[PDB]
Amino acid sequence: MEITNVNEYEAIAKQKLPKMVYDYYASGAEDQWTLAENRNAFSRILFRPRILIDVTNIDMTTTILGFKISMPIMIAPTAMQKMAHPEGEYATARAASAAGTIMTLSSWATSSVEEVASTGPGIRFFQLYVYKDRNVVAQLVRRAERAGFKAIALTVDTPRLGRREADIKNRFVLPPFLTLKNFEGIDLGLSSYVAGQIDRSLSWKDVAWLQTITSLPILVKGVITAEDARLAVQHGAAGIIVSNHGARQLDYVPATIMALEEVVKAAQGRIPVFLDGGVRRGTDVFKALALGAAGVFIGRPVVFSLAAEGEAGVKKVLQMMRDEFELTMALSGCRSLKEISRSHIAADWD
């Protein structure tokens, strides 16, 4: 017996976390169709491996926004990680740096940007929502810059929260001793106002506004149509992240893997297009990249592994994924990321 794949962590997490906590991390929106589809869609893409190629040395390094990382597998911003393990964001922070990759911190983290920054050096991104109190947004950005965060990931798919029914039936509440640390300290319990601070009037001009208060590259997270992808480009986006929020917002939106190519083509190679949602295997990673993605982000796997084995769990998840990805490149006949091509894959919609 031994953990051999990322998905097995979900079971352990489930068996140890309180229903409320597990359900919060595991649930999708309403009937959870897209949740299931995010995983199932990958099963509709097949390989066309090239044999008899010198695959002695496999290079998985890539350059994201000028930064060079070990692999094209980064960590997505989850939220309230300390509900999964006392160390929460700390464990995830150290694990990301050690793995040689990027970690995106959530504004709703149970640790502050500076708390995370102290763990050690590493390339980090900050996820944020343009709240009603623009002054609070300015403060958060300024605070992230000081902590040395390299970019801002603006999430544009939550003008209003999706209906994750399990949470409603459970009557979800943030446990007693946890706190949204990034909101502790600057000029404004914390769970209700921050939730009530969501500004639903946001439009493309607010994207411009963000650009006038920070020089950090802005990544739009939550684009799934070619129409918005073009607008994101026109409005100075540094990159686009094809995401359906882990299927927790609007159910019946396609699987990110299916929508990806449409977004990649819309971008016309002007800016990097990334993807998240459903990634659990190295084979998943190879397909996303063969379809045009510059890299991918993982969410749930982090919190599940964190609950099961803390930092070791997160390190284990990152190692398994890079190993699987390497072996996939090897068996496909690709020695570097640049060698992966659309012809190495075959989609059910081809």
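In case it trips you up, residue 1 is the first one in the sequence shown, and so on.
In the deposited sequence, the stretch from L188 to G189 hides 4 to 9 residues that have no coordinates. Two stretches are in play, 41-49 and 314-322, and the higher mean C-alpha B-factor belongs to 314-322.
Per the PDB record, of the two stretches 69-77 and 193-201, 193-201 carries the greater mean B-factor over its C-alpha atoms. By the numbers in the PDB entry, the CA B factor is greatest at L178 among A147, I168, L154, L178. Per the PDB record, residue ranking by Cα B-factor puts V173 in the highest third of the chain.
When the modelled residues of the chain are ordered by C-alpha B-factor, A26 sits in the middle third. When the modelled residues of the chain are ordered by C-alpha B-factor, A347 sits in the highest third. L17: CA B factor lies in the highest third for its chain, per the PDB record. Annotation for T225: CA B-factor lies in the lowest third of the chain's modelled residues.
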